[PDB]
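K.L.:
The structure's right below; bear with me while I get my questions together.
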Amino acid sequence: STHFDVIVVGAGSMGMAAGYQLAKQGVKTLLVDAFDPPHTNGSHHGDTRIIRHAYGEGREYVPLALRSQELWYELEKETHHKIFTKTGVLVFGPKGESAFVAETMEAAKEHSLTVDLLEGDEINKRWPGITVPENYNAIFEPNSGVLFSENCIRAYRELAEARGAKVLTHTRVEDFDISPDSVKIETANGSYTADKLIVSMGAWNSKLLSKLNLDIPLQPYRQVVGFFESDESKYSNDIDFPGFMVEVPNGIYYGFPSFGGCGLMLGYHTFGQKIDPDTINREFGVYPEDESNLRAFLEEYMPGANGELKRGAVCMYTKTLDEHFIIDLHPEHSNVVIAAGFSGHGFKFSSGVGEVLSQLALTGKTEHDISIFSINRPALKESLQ
Ligand SMILES: Cc1cc2nc3c(=O)[nH]c(=O)nc-3n(C[C@H](O)[C@H](O)[C@H](O)COP(=O)(O)OP(=O)(O)OC[C@H]3O[C@@H](n4cnc5c(N)ncnc54)[C@H](O)[C@@H]3O)c2cc1C
Ligand SMILES: [Cl-]
């Protein structure tokens, strides 16, 4: 008996950003979440996320990253919660052997991004505590950095609610009923209707998009991070130790300097367990690889950051087959917007994605170029159910 203008299902990284954008414009919005964001059951916890701009994954990503960066600076000004610290982001790998490094370097050139290029011992000299072989090269982006991701969602929620958005917590959406002129969601706490729907359920998109007659390969992965006791004279943000994402022969790792003595945090990017979001084991350390894959990197490349484990977390990626996002209207329903498959690299864009989703919901179009995120693209291996 309350009709909304827009309902957002899944008020996490993408949905809460969309909620803020909609509320800002006086759009009557309901956000429904299975938990109470920010929380520790989805893809947004573990405190910190890298934002970088030299995005070799595709041209379309660079302006989205730069717009998102400006939106994060705006958010910083709007809230009391801490949003962004400009740690810089270091990318390294073996010379001539890392597509990730090469693509990052190409992206910086193509978009005239401000970066430093260094190699071998220059890396170890600039950032004491890093020990790479002489045949490694690097590209450092001084103006990118680290987002406090739980703070971001909390701030967007507070601002959205202040403007009149309603947030229904601890409420799982179980089904959808879509009409030419309205949308309906079904939950154990009641059913709700609106003119438009945004669907942004994170790892649960892989289970519930079938309720919208969609059959899209989406695989959730269990991805752990650990915080380690570190040499603070080397690895502290206070001594300019950078965020990093790097490629070594056995994969990609990412991490964060120690903030206020929390310890250096590390994740292994290219490996995780295939899981179901409803049965995933969210306890860190239950597989020996959780800790050992991290320490194998640290002892080789960041040896003074390989101390006692201070904290672990268990988070999820949701991968598409091509590892590009899905941001598009539902092919059968122009009043339904889908945001899915962020493939372990979506958080930095979540501010810009909130803007895109807002535009798609209200106008059926966006000013951003999102062509590479089309739900109809062949590399998805997608169709209707
Ligand atoms: C360990 C780790 C490190 C990462 N590091 C980075 C990084 O450094 N840089 C970067 O850009 N990205 C990073 N990412 C990726 C980024 O965090 C994700 O791409 C992004 O958070 C996905 O956002 P989302 O809104 O799709 O999912 P979420 O933020 O998980 O939001 C989905 C929401 O949907 C809700 N929901 C689920 N089912 C229902 C239902 N049936 N009804 C109602 N609500 C429902 C959930 O409760 C949740 O709140 C990392 C991810 C992980 C796991
Ligand atoms: Cl993801």
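So the sequence shown is residues 1 to 385, counted in the deposited numbering.
Beta carbons: idealized from backbone N, C-alpha and C, even for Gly.
Could you tell me which uninterrupted alpha helix (DSSP H) segments, each at least 4 residues in length, are contained entirely in the stretch 72 to 119, listed from first to last along the chain?
P.N.:
99 to 110
K.L.:
At which residue ranges does the stretch 316 to 366 contain complete beta strand (DSSP E) runs of 3 or more residues, listed in the order of the chain?
P.N.:
Listed in chain order, they are 326 to 330, 333 to 340.
K.L.:
With DSSP collapsed to three states, give me the class of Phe297.
P.N.:
Within the sequence shown, residue 297 is the residue found at index 297, counting from 1. It is helical.
K.L.:
Any idea what DSSP makes of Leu218, helix, strand or coil?
P.N.:
As a working note, residue 218 is residue 218 in the sequence shown. If DSSP states are grouped into helix, strand and coil, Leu218 belongs with coil.
K.L.:
Considering only C-alpha positions, which residue in the set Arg295, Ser334, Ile83, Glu74 is nearest to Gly267?
P.N.:
To locate residue 267, count along the sequence shown from 1; it is residue 267. Of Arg295, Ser334, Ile83, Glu74, the residue nearest in Cα terms is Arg295.
K.L.:
Where are the beta strand (DSSP E) runs, 3 residues long or more, that stay fully inside the stretch 172 to 259, in chain order?
P.N.:
173 to 179, 182 to 187, 190 to 199, 219 to 228, 243 to 248, 251 to 256
K.L.:
Closest by CA to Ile370, which one among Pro378, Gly352, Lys125?
P.N.:
Start at 1 with the first residue of the sequence shown, and residue 370 comes out as number 370. Looking at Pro378, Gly352, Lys125, the one whose alpha-carbon comes closest to that of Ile370 is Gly352.
K.L.:
Any residues whose CB sits closer than 6 Å to a heavy atom of ligand 2? List them in chain order?
P.N.:
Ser43, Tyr317, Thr318, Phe342, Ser343, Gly344, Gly346
K.L.:
Alpha carbons only, please: which of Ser374, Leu31, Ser230 is nearest the one belonging to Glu60?
P.N.:
Locating residue 60 in the sequence shown gives position 60, counting from the first residue. Among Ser374, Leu31, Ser230, the Cα nearest to that of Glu60 is on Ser374.
K.L.:
Using DSSP with H/G/I as helix, E/B as strand and the rest coil, what is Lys125?
P.N.:
Along the sequence shown, read from residue 1 onward, the residue named residue 125 stands at position 125. Collapsing the DSSP output to three states places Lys125 in a helix.
K.L.:
With H, G and I counted as helix, E and B as strand and the rest as coil, what does DSSP make of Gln273?
P.N.:
Position 273 of the sequence shown, counted from the first residue, corresponds to residue 273. Strand, per DSSP.
K.L.:
Compute the beta-carbon to beta-carbon distance between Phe84 and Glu78, rounded to the nearest angstrom, for a pair I have assumed lies under 8 Å.
P.N.:
Your numbering for residue 84 matches position 84 in the sequence shown. Your numbering for residue 78 matches position 78 in the sequence shown. Not confirmed; about 12 Å, so no contact.
K.L.:
Should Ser351 be listed as close to ligand 1, given that the test is whether its C-beta is under 8 Å from any heavy atom?
P.N.:
Taking the first residue of the sequence shown as 1, we reach residue 351 at position 351. No, the Cβ of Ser351 stays beyond 8 Å of every heavy atom of ligand 1.
K.L.:
Do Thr131 and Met302 have their C-beta atoms within less than 9 Å of each other?
P.N.:
What you label residue 131 is simply residue 131 of the sequence shown in a count that begins at 1. What you label residue 302 is simply residue 302 of the sequence shown in a count that begins at 1. Yes; because the gap between Cβ atoms is below 9 Å, this pair is in contact.
K.L.:
If distances are taken between C-alpha atoms only, which option among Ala23, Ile280, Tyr55 comes closest to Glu141?
P.N.:
Within the sequence shown, residue 141 is the residue found at index 141, counting from 1. Looking at the Cα atoms, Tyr55 is the closest of the given residues.
K.L.:
What do you get for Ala162, buried or exposed, if any count of 16 or more other CB atoms within 10 angstroms of its CB means buried?
P.N.:
Stepping through the sequence shown from its first residue, residue 162 is reached at position 162. Exposed, since its Cβ has fewer than 16 Cβ neighbours within 10 Å.
K.L.:
Taking the alpha carbon of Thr40 as the reference point, which residue from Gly312, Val337, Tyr287, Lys196 has its own alpha carbon closest?
P.N.:
For the purposes of this step, residue 40 is taken as the residue at position 40 of the sequence shown. Of the candidates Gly312, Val337, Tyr287, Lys196, the one whose C-alpha sits nearest the C-alpha of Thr40 is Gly312.
K.L.:
Between the alpha carbons of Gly26 and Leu64, how many angstroms are there, rounded?
P.N.:
If you number the sequence shown from 1, residue 26 lands on position 26. If you number the sequence shown from 1, residue 64 lands on position 64. Approximately 24 Å, taken between the alpha carbons.
K.L.:
If I follow the unbroken beta strand (DSSP E) through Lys24, where does it start and stop?
P.N.:
In the sequence shown, the residue the question calls residue 24 occupies position 24. No beta strand (DSSP E) holds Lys24; the alpha helix (DSSP H) holding it covers 13 to 24.
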